[PDB]
Amino acid sequence: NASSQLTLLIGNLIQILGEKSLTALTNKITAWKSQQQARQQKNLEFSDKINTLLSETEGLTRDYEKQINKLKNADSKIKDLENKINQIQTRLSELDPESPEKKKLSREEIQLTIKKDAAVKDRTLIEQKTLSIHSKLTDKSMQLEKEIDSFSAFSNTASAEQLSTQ
């Protein structure tokens with residue numbers, strides 16, 4: 001709307017002062033409008049690109065939280081199993097040799113160790129997925145940086161006066 005007030009203003013000034021007497025001002029006004037329109041367009045593109053990056057970052061955060069919570073439950077399960085296995089092994093060490101209680105206990109230690117081995121392989125998978133999401137978030141932060149550098153490149157060279165003056 002500054003652009004349309006300007007258009008009224010210069011038109012009124014020409015009505016009295018004369019068109020050729022205001023040529024240089026008219027041309028400066030034309031340049032101002034063109035630069036304004038170019039910046040508005042870049043702002044709109046910038047705002048939409050940021051909106052999409054925020055959505056993509058949100059989506060990756062959701063995946064990340066999902067994995068982190070999986071990792072917490074894997075860590076807990078594993079600690080519990082290691083704890084029960086250490087306790088069975090303490091009991092086992094205390095048996096006089098010719099024992100029948102060894103049978104039940106070693107059976108139990110075997111079955112726990114199978115479960116723990118499986119939980120450790122799962123933990124390892126979750127750790128792997130969690131790092132890949134982390135690195136995708138890193139890619140996004142760097143795409144955001146490229147868009148900021150892109151905007152600053154445009155903004156600092158958008159006018160002729162900008163290029164001629166230090």
# chains A, B, ... in the order shown; residues from 1 in each chain; ligands from 1

$ residues_around --residues "stretch 35-37 of chain A" --least-positions-apart "4" --cutoff "12 Å" --atoms "only C-alpha atoms" --output "VMD selection string"
chain A and resid 1 to 3 28 to 31 41 to 44 154 to 155 157 to 162

$ residues_around --residues "stretch 86-90 of chain A" --least-positions-apart "5" --cutoff "9 Å" --atoms "only C-alpha atoms" --output "JSON, numbers by chain"
{"A": [81, 105, 106, 108, 109]}

$ residues_around --residues "residue A:125" --least-positions-apart "4" --cutoff "12 Å" --atoms "only C-alpha atoms" --output "MDAnalysis selection string"
chainID A and resid 67:68 70:71 74 118:121 129:132

$ write_last_selection --atoms "C-alpha atoms" --output "PDB file, in the first residue's frame"
ATOM      1  CA  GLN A  67      12.820 -44.766  18.970  1.00  0.00           C
ATOM      2  CA  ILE A  68      14.134 -43.147  22.167  1.00  0.00           C
ATOM      3  CA  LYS A  70      11.835 -48.048  22.487  1.00  0.00           C
ATOM      4  CA  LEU A  71      15.472 -47.721  23.582  1.00  0.00           C
ATOM      5  CA  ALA A  74      15.104 -52.208  25.803  1.00  0.00           C
ATOM      6  CA  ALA A 118      17.503 -61.285  21.793  1.00  0.00           C
ATOM      7  CA  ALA A 119      17.027 -58.020  23.721  1.00  0.00           C
ATOM      8  CA  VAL A 120      20.627 -57.020  23.105  1.00  0.00           C
ATOM      9  CA  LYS A 121      20.226 -57.490  19.349  1.00  0.00           C
ATOM     10  CA  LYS A 129      17.626 -46.363  13.796  1.00  0.00           C
ATOM     11  CA  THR A 130      18.016 -43.583  16.381  1.00  0.00           C
ATOM     12  CA  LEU A 131      21.307 -42.480  14.875  1.00  0.00           C
ATOM     13  CA  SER A 132      19.928 -42.437  11.325  1.00  0.00           C
TER      14      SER A 132
END
